[PDB]
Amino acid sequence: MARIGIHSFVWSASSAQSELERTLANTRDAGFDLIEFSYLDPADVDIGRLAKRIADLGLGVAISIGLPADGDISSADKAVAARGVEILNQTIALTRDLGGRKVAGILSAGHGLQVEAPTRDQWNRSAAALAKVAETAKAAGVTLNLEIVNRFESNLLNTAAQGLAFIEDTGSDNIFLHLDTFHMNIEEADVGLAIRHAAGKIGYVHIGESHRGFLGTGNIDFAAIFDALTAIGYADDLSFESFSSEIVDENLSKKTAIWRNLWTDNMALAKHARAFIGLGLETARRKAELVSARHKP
């Protein structure tokens, strides 16, 4: 049921049909059930073909993006906000046609370091806009999942609590939270506590280390995270995330400030990630079983 996926960009930024094969094959060989893509051009990509290959391998697909400056759905500039809505519509169309059920990533504002404090108007404009978009998405068989990111990557929703308040403000029953452990460790008071507080409104989870390298080679208490996810009975998808300057686009390198590369071999990276996640989850499950064991003699 629950899929454990990986971000395509671990493998390749290239949207060439040949590079897409290697991405999908690597994903499968590394041990994952799901691929997350962040860019696809129908013009260059045969979406219909791509959709069938993803099914043929037994993989699931998710689509996540990050709104560009000129596509900021929360902008007072009405033309900018409209391109934001247009991108989201295109992204939903793509996700539906591709076989996926989730649209994820930074959907509420532009992705990047803003040069101005947020305002209530921004918050409300974004909320009213996502209210409507989420309808489009439902009609398409797709959920919206707002990614909560750190202060340097958006000025709006930084916290699960912020996310929850926003979602209420939307009024939608088709908007959920996309939580990322790399972002949570910067912004949340406890990562485990955030997850618990967000129970039932979590639609998608990124697993990324404090520095975005190998899982377990950083500062994040992953046992604490796997315990919380187990406590709440999270049974939806989760995806590994790590990036290299050598692989990702330089729009993204300059934006997520990847100045140094923490690994050179992505198959080793992904393979480790998959054993780390797999075993972390198993342990957490066994531990939850043990807590409640009566141990009557």
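The first residue of the sequence shown is number 1, and the count goes up from there.
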| query | finding |
| --- | --- |
| Residue stretch of maximal mean CA temperature factor, 19-27 vs 276-284 | 19-27 |
| Mean temperature factor over C-alpha atoms, higher-scoring stretch between 2-10 and 287-295 | 2-10 |
| Residue with highest C-alpha B-factor in the PDB entry, from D227, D121, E135, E209 | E135 |
| C-alpha B-factor winner, where the candidates are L57, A268, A231, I35 | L57 |
| Cα B factor band for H178 (lowest, middle or highest third within the chain) | lowest |
| Chain third (lowest, middle, highest) by recorded CA B-factor, residue given as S172 | middle |
| Relative C-alpha B-factor of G213, binned into the chain's lowest, middle or highest third | lowest |
| Lowest, middle or highest third - CA B-factor, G110 | lowest |
| Ranked against its chain, the third holding the CA B-factor of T91 | middle |
